[PDB]
Amino acid sequence: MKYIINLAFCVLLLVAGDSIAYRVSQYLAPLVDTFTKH
Amino acid sequence: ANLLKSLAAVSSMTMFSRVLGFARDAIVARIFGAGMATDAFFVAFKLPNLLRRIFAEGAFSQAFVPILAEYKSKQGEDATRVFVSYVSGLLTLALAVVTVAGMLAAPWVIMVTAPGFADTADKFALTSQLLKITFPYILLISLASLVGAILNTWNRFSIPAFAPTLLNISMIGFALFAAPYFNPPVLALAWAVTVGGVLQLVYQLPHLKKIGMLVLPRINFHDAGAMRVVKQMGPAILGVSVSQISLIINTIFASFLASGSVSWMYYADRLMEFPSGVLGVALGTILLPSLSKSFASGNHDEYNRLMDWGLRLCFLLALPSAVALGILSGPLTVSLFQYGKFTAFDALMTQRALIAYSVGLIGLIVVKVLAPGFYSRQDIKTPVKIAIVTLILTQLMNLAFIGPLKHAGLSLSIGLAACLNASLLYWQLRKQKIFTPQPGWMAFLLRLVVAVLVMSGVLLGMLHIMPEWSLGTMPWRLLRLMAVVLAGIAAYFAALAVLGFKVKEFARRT
Numbered sequence: 004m005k006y007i008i009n010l011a012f013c014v015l016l017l018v019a020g021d022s023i024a025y026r027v028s029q030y031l032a033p034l035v036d037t038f039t040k041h
Numbered sequence: 047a048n049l050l051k052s053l054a055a056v057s058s059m060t061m062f063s064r065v066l067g068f069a070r071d072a073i074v075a076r077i078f079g080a081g082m083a084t085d086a087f088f089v090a091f092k093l094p095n096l097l098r099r100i101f102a103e104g105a106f107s108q109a110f111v112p113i114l115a116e117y118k119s120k121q122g123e124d125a126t127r128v129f130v131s132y133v134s135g136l137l138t139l140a141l142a143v144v145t146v147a148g149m150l151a152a153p154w155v156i157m158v159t160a161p162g163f164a165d166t167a168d169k170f171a172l173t174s175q176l177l178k179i180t181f182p183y184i185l186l187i188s189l190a191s192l193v194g195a196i197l198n199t200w201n202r203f204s205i206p207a208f209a210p211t212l213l214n215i216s217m218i219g220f221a222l223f224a225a226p227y228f229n230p231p232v233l234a235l236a237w238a239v240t241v242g243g244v245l246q247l248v249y250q251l252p253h254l255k256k257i258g259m260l261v262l263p264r265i266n267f268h269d270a271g272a273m274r275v276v277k278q279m280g281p282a283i284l285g286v287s288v289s290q291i292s293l294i295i296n297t298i299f300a301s302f303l304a305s306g307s308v309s310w311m312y313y314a315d316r317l318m319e320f321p322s323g324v325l326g327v328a329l330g331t332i333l334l335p336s337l338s339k340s341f342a343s344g345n346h347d348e349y350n351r352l353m354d355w356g357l358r359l360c361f362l363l364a365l366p367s368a369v370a371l372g373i374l375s376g377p378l379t380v381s382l383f384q385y386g387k388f389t390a391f392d393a394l395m396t397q398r399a400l401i402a403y404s405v406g407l408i409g410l411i412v413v414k415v416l417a418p419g420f421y422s423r424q425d426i427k428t429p430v431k432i433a434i435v436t437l438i439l440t441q442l443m444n445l446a447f448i449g450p451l452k453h454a455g456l457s458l459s460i461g462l463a464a465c466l467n468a469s470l471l472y473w474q475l476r477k478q479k480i481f482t483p484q485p486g487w488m489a490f491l492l493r494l495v496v497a498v499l500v501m502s503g504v505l506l507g508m509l510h511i512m513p514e515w516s517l518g519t520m521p522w523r524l525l526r527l528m529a530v531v532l533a534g535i536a537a538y539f540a541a542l543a544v545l546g547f548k549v550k551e552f553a554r555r556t
């Protein structure tokens with residue numbers, strides 16, 4: 004039962020690896036450039 | 047001696063696969079240009095290749111081969127046949143479900159994967175068509191690698207190693223000949239990989255007939271062997287996703303870096319995955335079936351001997367490779383990438399990422415030796431535990447190194463991540479009283495390193511004799527490239543020969 008979610012999660016990781024990396028890159032971009040001087 | 051022969055056969059066949067691979071995109075870019083159609087096929091083809099990491103290469107193999115070895119050694123060939131038929135049927139069902147899912151959700155997958163394809167209507171329509179055609183390739187390569195895995199368990203490694211380059215010949219024929227038969231001709235390449243997948247599979251059935259392991263894919267969910275395979279596939283998928291997460295955050299740091307840095311990491315990774323793929327990956331496919339047979343049979347002293355032999359041969363073939371790549375970080379980049387779009391600046395950055403990656407080149411390969419140790423023990427949880435521990439510590443060195451080292455820091459941190467991953471692998475093996483190395487390791491290291499100074503002294507001496515690499519055209523620059531390295535490795539092996547090292551010392555049976 005729990006196996007299916009694990010398989011789906013990793014399939015999403017491989018298939019969308021570039022897009023999740025892109026999605027969070029500008030999501031936390033406002034977070035990180037405000038961290039530079041702190 | 048057959049262990050060395052099998053390792054040489056797989057490494058040479060992989061060598062043939064990679065050089066055929068470089069010829070593959072060279073002719074493809076020549077005949078199809080570099081338009082939106084060419085990279086559309088690349089996206090549609092790389093997607094099944096990542097799914098290969100689950101069902102064929104990086105998750106199914108270590109969850110199936112150890113069970114195959116136990117079944118073969120203890121139960122017999124009849125129980126092995128019913129086991130392999132059941133797991134193959136379950137694997138076929140799993141691949142059929144995802145393949146059908148891609149059939150009726152190809153546009154959905156395209157926007158999920160590449161948001162830069164949905165906006166372009168003409169490319170979105172094209173890539174959806176190609177993705178539909180090449181989607182069954184993951185199905186074909188899943189059984190193709192499944193047959194390759196069982197053949198490896200039966201000490202047949204030459205046949206599975208031919209399969210990768212076999213697809214290259216099939217794709218080369220379709221692109222060279224059946225270009226005008228499709229409008230647009232790009233669909234010919236989409237059919238090429240699919241036909242290559244079938245040609246890969248049909249290749250190994252005659253060999254599988256010799257061992258009598260041919261079986262119809264019967265279905266039985268309640269069968270214990272299939273349940274065990276899925277149960278161990280749990281941690282295996284977790285390890286694949288953990289490695290995927292580490293790759294994801296590496297991309298996150300790279301995106302935050304300076305503009306144009308991603309290309310330097312990509313090319314350095316190409317020059318780093320080339321030796322680790324030829325050497326480390328090949329070492330995995332031979333050791334994993336052999337270690338599993340020894341562990342299942344109860345020959346623990348043969349399990350330790352195989353582990354030691356894989357370790358010492360890894361050091362023998364990786365330490366000169368890592369130092370050679372570091373020494374020729376300059377010449378390699380200027381002879382493979384400094385062409386038109388590149389300047390002296392871009393080549394210099396790639397050389398800095400090359401030496402940083404080459405520091406962990408030894409780590410990447412030795413990980414491919416140590417990881418099958420626990421994979422052999424039917425204890426996949428421990429490698430994942432090392433994987434998560436490595437993952438968290440990788441990020442804290444990532445954000446520490448991006449400051450003063452930038453892209454060189456990311457490459458070096460990945461290198462140290464693999465090296466310390468291997469030391470964690472070694473520590474767990476010794477702590478649990480599993481692997482006992484044979485005496486004489488200290489002499490092996492000291493004789494190895496002095497041969498490395500022989501490699502460096504010859505290579506830098508030959509470099510300063512060798513005039514500027516920018517002079518000349520494609521054939522001249524490449525010709526001088528292997529010319530120096532063949533003399534360097536010949537000097538390396540000559541140093542090994544005069545140091546009392548012989549091939550017979552690395553000869554293993556069974």
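If you read the sequences in order, they're chains Y and Z.
Each residue of the first sequence is one higher than the one before, counting from 4 in our numbering.
Each residue of the second sequence is one higher than the one before, counting from 47 in our numbering.
For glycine and all other residues, C-beta sits at the position ideal for the given N, C-alpha and C.
Between Z:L177 and Z:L93, the beta carbon gap of about 7 Å places them in contact (Cβ cut-off 8 Å). The beta carbons of Y:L16 and Z:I215 sit about 32 Å from each other, so the pair does not count as a contact at 8 Å. By the CB criterion at 8 Å, Z:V155 and Z:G148 fall inside the cutoff. For Y:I23, the closest Cβ of chain Z is nearer than 8 Å.
With respect to Z:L352, Z:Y421 sits apart: the two C-beta atoms are not nearer than 8 Å. Per DSSP, Z:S305 lies in no alpha helix (DSSP H) and is assigned neither H nor E.
Judged by DSSP secondary structure, Z:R99 falls within the alpha helix (DSSP H) whose first and last residues are 82-101.
Per DSSP, reduced to three states, the secondary structure at Z:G67 is helical. With distances taken between CA atoms, Z:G376 lies nearest to Z:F391 out of Z:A364, Z:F391, Z:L365, Z:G386.
With 16 or more neighbouring CB atoms inside 10 Å of its own CB, Z:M395 falls in the buried class. Contacts between Y:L34 and chain Z, judged by CB atoms closer than 8 Å, are missing: the closest CB pair is about 11 Å apart. In this structure, the CA atom of Z:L442 is about 12 Å from the CA atom of Z:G455. For Z:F302, the C-beta contacts it makes with chain Y under 8 Å involve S28, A32, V35, in order along the chain. The alpha carbon of Z:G135 has as its nearest neighbour, out of Z:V276, Z:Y349, Z:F203, Z:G122, the alpha carbon of Z:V276. Its Cα nearest to that of Z:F208, the residue Z:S63 stands out among Z:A370, Z:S63, Z:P321. In chain order, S287 make up the part of chain Z whose C-beta sits under 7 Å from the C-beta of Y:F12.
For Z:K550, there is no enclosing alpha helix (DSSP H), since its DSSP letter is neither H nor E. Assigned with DSSP and collapsed to three states, Z:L262 falls in coil, not helix or strand.
The continuous alpha helix (DSSP H) containing Z:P206 extends over residues 204-223. Beta-carbon to beta-carbon, Z:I179 and Z:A236 are separated by about 4 Å, close enough to satisfy the 8 Å threshold. If you draw a straight line from the Cα of Z:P230 to the Cα of Z:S381, it is about 34 Å long. Bounds of any alpha helix (DSSP H) do not take in Z:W200, whose DSSP letter is neither H nor E.
Z:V130 and Z:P366 have their C-alpha atoms roughly 41 Å apart. Within chain Y, the C-beta atoms nearer than 9 Å to that of Z:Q290 come from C13, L16, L17, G20, in chain order. Z:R99 places its beta carbon 8 Å or farther from that of Z:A90. Taking the C-beta atoms as reference points, Z:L66 is found nearer than 8 Å to Z:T211. Along the stretch 254-287 of chain Z, going in chain order, the ones with a CB nearer than 7 Å to a CB of chain Y are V276, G280, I283, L284, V286, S287. Exposed is the label assigned to Y:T37, since fewer than 16 other Cβ atoms lie within 10 Å of its Cβ.
Comparing C-alpha distances from Z:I298 to each of Y:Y30, Y:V14, Y:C13, Y:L10 shows the shortest one belongs to Y:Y30.
In this structure, the alpha-carbon of Z:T440 lies about 15 Å from that of Z:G285.
Close partners of Z:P161 in chain Y (Cβ separation under 8 Å): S22, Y25. Under the DSSP assignment, Z:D269 falls outside any alpha helix (DSSP H); it carries neither an H nor an E label. Excluding sequence positions up to five before and after Z:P263, its CB lies within less than 7 Å of the CB of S131, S134, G135, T138, all in the same chain and listed in chain order.
Fully enclosed alpha helix (DSSP H) runs of no fewer than 4 residues occupy 453-477, 487-511 of the stretch 445-527 of chain Z, in order along the chain. Contact of Z:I179 with chain Y by beta-carbon distance below 7 Å is absent, the smallest such distance being about 17 Å.
Within chain Y, the residues placing a beta-carbon under 8 Å from that of Z:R99 are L17, ordered along the chain.
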